[PDB]
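Sequence positions in the sequence shown follow the working numbering and run 82 to 379.
Ideal Cβ positions, reconstructed from N, Cα and C, are used throughout, including at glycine.
Have a look at the structure below before the remarks.
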Amino acid sequence: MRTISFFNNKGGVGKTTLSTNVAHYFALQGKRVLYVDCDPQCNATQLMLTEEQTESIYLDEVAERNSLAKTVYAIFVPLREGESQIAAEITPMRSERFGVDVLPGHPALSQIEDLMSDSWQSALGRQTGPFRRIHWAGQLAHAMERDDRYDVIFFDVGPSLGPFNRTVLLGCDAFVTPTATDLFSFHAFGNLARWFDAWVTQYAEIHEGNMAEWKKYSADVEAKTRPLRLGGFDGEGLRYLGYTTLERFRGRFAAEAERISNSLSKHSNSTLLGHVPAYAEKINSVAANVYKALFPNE
């Protein structure tokens, strides 16, 4: 059970199209894929699901709160109420087009972004409670892997790079970063590398400091901590798979990409998965490279 994600500061329509296409490809390689839309904009959601399915979730008054249970917002209800365990009981929807179950998004995730910022804050203070709450990402990945419901999970994040999106990377085993190559796009991609190095180090403390604290007040801590896939599938942490372009910076990109790769784990590769402009000729190239890196074993 692996988790991938296509993170990016710039953010846009191309990042969400690359994501969905790669997901589709993994599906073709005979793999049960789950696509979780954690973007308030719900771009990937309103793309993989038909209007039928769409107006099916966001169908007056209190009856609207029925969508909060049919989307991804659902898994957070318990965490919001104080508890420290997501709701494994999720029910995604099949995407006929892409052939991958997708967990519909919801513009109400803006409230979950506040829940994560407050959690990440307290977690800094070595508060075991919210500490294991920022691990909701891996907590979902673990519930899936355990019930053997999916082989791969795609976490589609938004442009933001605050407390929330951070907690999404914590659930990822790897991630790619699609860029644009223009001036502003690159200037942003540069600031992105700086950001990683920053929060990854902060987390490194969050982890060490919380684990040591918990451990000194319990012995079953080694088990209560299993449900939140710490470190990923191999415990080696988040891994950088490389980047993708959508010129004058041909070097500056591959240069800053290394800073990102180095900033993270050792298994981190900083190659260039390819470019994305009958057409599936280029996308196939990327999806396939992202696949070989995620599943080196034939």
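* **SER100 versus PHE87: straight-line alpha-carbon distance, rounded** => About 6 Å.
* To do: Determine, using beta carbons only, whether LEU130 and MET174 come nearer to each other than 9 Å.
  => Yes.
* Assign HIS288 to one of three DSSP states: helix, strand, or coil. => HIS288 falls in the helix class under three-state DSSP.
* Just to confirm, are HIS187 and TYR154 a CB contact at a threshold of 9 Å? -> With contacts defined by Cβ atoms closer than 9 Å, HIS187 and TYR154 form a contacting pair.
* Asked: Can you tell which of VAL357, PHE107, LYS363, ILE341 has its C-alpha closest to the C-alpha of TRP276?
  -> It is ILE341.
* Asked: Can you check whether the CB of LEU184 is closer than 9 Å to the CB of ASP118?
  -> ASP118 is a Cβ neighbour of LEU184, given a cutoff of 9 Å.
* In angstroms with no decimal places, state the Cα-to-Cα distance between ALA144 and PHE330. => Their Cα atoms are separated by approximately 52 Å.
* To do: Give the single residue among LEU140, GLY323, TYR231 whose Cα lies nearest to the Cα of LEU345.
  => Per the Cα distances, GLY323.
* Asked: Hey, how far is the Cα of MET225 from the Cα of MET82?
  -> The C-alpha of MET225 lies about 8 Å from the C-alpha of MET82.
* Asked: Helix, strand or coil: how does DSSP classify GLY355 here?
  -> The answer is strand: DSSP assigns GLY355 an E or B state.
* To do: Keeping to the same chain, check which residues put their C-beta closer than 8 Å to that of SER299; ignore five residues upstream and five downstream.
  => Sequence-distant Cβ neighbours of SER299 in its own chain, meaning closer than 8 Å and more than five residues away, are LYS305.
* To do: Take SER200 as the anchor and find which of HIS216, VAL103, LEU190, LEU250 has the nearest alpha-carbon.
  => Across the set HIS216, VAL103, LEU190, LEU250, the C-alpha of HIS216 shows the shortest separation from the C-alpha of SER200.
* Asked: Is there at least one Cβ from chain B nearer than 9 Å to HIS187's Cβ?
  -> Protein chain content of the structure displayed is limited to a single chain, and chain B is not contained in it.
* To do: Whole angstroms is fine: what's the gap from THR172's alpha carbon to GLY318's?
  => So the two alpha carbons sit approximately 28 Å from each other.
* For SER148 and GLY210, believed in contact at Cβ under 8 Å, the rounded distance -> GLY210 to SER148, Cβ: 29 Å. No contact.
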